[PDB]
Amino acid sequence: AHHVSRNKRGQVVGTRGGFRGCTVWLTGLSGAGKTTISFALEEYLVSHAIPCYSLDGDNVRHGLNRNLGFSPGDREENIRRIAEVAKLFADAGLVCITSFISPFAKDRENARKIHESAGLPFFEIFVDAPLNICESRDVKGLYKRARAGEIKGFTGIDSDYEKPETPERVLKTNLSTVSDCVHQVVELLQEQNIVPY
């Protein structure tokens, strides 16, 4: 009695043969672009017949992580539960795109060494945009509420964002287009033999 192999799994998940289970881990300041890259990437893989799944704020915040507030331990448990689920989707044969700020190198390496110890590729993607560009963009109003003292401890304002030193890609969203950053990430997945050339 055993579970089905990743090789059999690699043959039934998509129309294109081979295991592709990996995890694409976006990280960056609120408003740097993680959501917009995630859909764009997700539309790409789907349009090219690669099943994927985004984990993001909307489908985690109020489900699996609904009992997790904004204390340091709670944001930590937040990235832990996301990481163990991303591993499961990866293990399932899918490409799992996570779009969480994840400000501390120390939770990101734990997520990475959760994947690497199951033999699953892990791609730290640094969505890099100057904080003042993020504060200008203010997509959800958060920076204005952080200045005002109504959001206490906000990444980039009152708690730090530890920038990836050694990530597989860096996306300079203040300098290039959405399509351009996606090309950087699709090309990564072609090198690592996830997306066929």
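Start at 1 with the first residue shown and count on from there.
Per the PDB record, of the two stretches 4-12 and 188-196, 188-196 carries the greater mean B-factor over its C-alpha atoms. Comparing 148-156 with 53-61, the stretch with the higher mean C-alpha B-factor in the PDB entry is 148-156.
If you compare the C-alpha temperature factors of 68, 41, 129, 26 in the entry, 129 comes out highest. Among the modelled residues of its chain, residue 167 has a C-alpha B-factor that falls in the highest third according to the deposited record. In this PDB entry, residue 119 carries a Cα temperature factor that places it within the highest third of its chain's modelled residues. Annotation for residue 136: C-alpha temperature factor in the highest third relative to the rest of the modelled chain, per the entry. Ranked within its chain, residue 91 lands in the middle third, by CA B factor from the PDB record.
Among all modelled residues in its chain, residue 75 ranks in the lowest third by Cα B-factor.
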